[PDB]
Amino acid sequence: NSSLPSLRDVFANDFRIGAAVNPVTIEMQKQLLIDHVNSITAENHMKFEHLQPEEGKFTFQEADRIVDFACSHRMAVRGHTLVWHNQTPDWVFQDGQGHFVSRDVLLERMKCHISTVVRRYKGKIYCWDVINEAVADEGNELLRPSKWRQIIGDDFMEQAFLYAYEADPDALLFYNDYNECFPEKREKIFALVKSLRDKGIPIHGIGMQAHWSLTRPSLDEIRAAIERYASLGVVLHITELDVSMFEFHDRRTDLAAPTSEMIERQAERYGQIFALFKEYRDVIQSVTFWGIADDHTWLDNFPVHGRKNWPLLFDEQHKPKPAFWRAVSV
């Protein structure tokens, strides 16, 4: 590593380079993070259930440790995430009686959470994934079902963005989602963000999660999605990048190591992706990987529990993989 290029430095004129972390991986992967990144996202500890597990019980200790680490290494922080259909406790939607709460009560609870969390980190966190994954990932409807949407109505997203803007009007506010380059879902995401900007809602950016495979989305699909979203005038962040060794249909559990062909194709794929991101450096301002090295990745247990995946630029011993050298040489 002594003579290795530093990712944040190679890309200094193009975009920030980020990693998702938690307090345990900050300790386990500390030197890689120090050597390579200039942005951090909490993998889990700024989600609703990890910040307000019971009403009026806020548990900021883990998030605080992550922000302290970033600020002491001059790293930016992306806040992830305020309003999502997952990892939100049931209390949020329920009354004492158990029944679903009203629209007005859920809006009050949404405003209080957003206000308390965003004001705590104002001046340290420069952007927030305000809405995560509201667009349908299947079928013909625009929006996924969720209790937020069921109880408030379809303007729940408008309200979330307005509450976050009031809490920190200097933050950049994002709509964040995955499968963002598949054309049908891209058109839904575009339509949604267009309609919010067309009402004056303070949505400043689109977060492209980029939970990609070796084959999907194609490079033409990524190009088309970057152009489509940039044409709205928003900022783009690539927010959760990883390149899975398995396609969505491949649910094998038996592989104890990637083949040479997988390792070589992943290297080619990461070179191709970074060349494209560099080509769109005027609209992409940050690329965050959902991790930093193959000793920790959510893809070990998703979408198949208990297997192993090798999705990042560094291996389990924190050494650069063939993908690293192609990524940094674009």
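Start at 1 with the first residue shown and count on from there.
For the two regions 80-88 and 150-158, the entry's Cα B-factors average higher over 150-158. Taking the PDB entry as given, 135-143 carries the higher mean Cα B factor of the two stretches 228-236 and 135-143. Annotation for 113, 99, 120, 186: 99 ranks highest, by Cα B-factor. The entry lists C-alpha B-factors for 180, 168, 221, 95, and the highest of these is at 95. When the modelled residues of the chain are ordered by their C-alpha B factor, residue 296 lands in the middle third. Among the modelled residues of its chain, residue 26 has a C-alpha B-factor that falls in the highest third, as given in the PDB entry.
The PDB entry assigns residue 247 a C-alpha temperature factor belonging to the middle third of its chain's modelled residues.
Ranked by C-alpha B-factor against the other modelled residues of its chain, residue 51 falls in the lowest third. Ranked within its chain, residue 105 lands in the highest third, by CA B factor from the PDB record.
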